[PDB]
Amino acid sequence: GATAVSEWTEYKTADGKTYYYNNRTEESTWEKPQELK
């Protein structure tokens, strides 16, 4: 139940959903982060 962007940032793409980007690893995944679950 993590609130507020911690390490990850999500943007909603014209595909109609949000993708999660981790600012340390520079990784973009559609899977919900552990530190943002």
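Structure determination for this entry, per the PDB record, employed solution NMR.

Asker: Hey, could you run me through the packing of aromatic side chains in this one?
Answerer: In this description, a pair of aromatic rings is defined by centroid distance and the angle of the planes. Counting across every chain of the model gives 2 aromatic pairs. Pairing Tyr11 with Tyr19 gives two aromatic rings, centres 5.8 Å apart and planes at 35°, and the pair type is tilted. The exposure class of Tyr19 is partly exposed, given its relative accessible area of 26%. Pairwise contacts between aromatic rings join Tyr11, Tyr19 and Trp30 into one cluster.

Asker: Looking at this structure, I do not really get unusual backbone geometry. What am I missing?
Answerer: For residues that are not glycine, phi is negative in most cases, and the peptide bond is trans in most cases. Notably, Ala4 is not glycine yet its phi reads approximately 70°, a positive angle. If you trace the backbone, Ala4 turns up in the segment before β1 (8-13). Judged by its relative accessible area of 62%, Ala4 falls in the exposed class. Phi is positive for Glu7, which is not a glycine, with a value near 75°. Within the secondary structure, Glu7 is located in the segment before β1. Classification of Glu7 by relative accessible area gives partly exposed; the value is 30%.

Definitions and cut-offs
Residues numbered from 1 in each chain as written, not as in the entry; some residues may be left out. Heavy atoms only, no water. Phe/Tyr/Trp six-rings, centres within 6.5 Å; stacked < 30°, edge-to-face > 60°. Buried < 20%, exposed > 50% of the residue type's maximum accessible area, 1.4 Å probe, protein only. Helix = DSSP H or I, 4+ residues; strand = E, 2+ residues; numbered from the N terminus.

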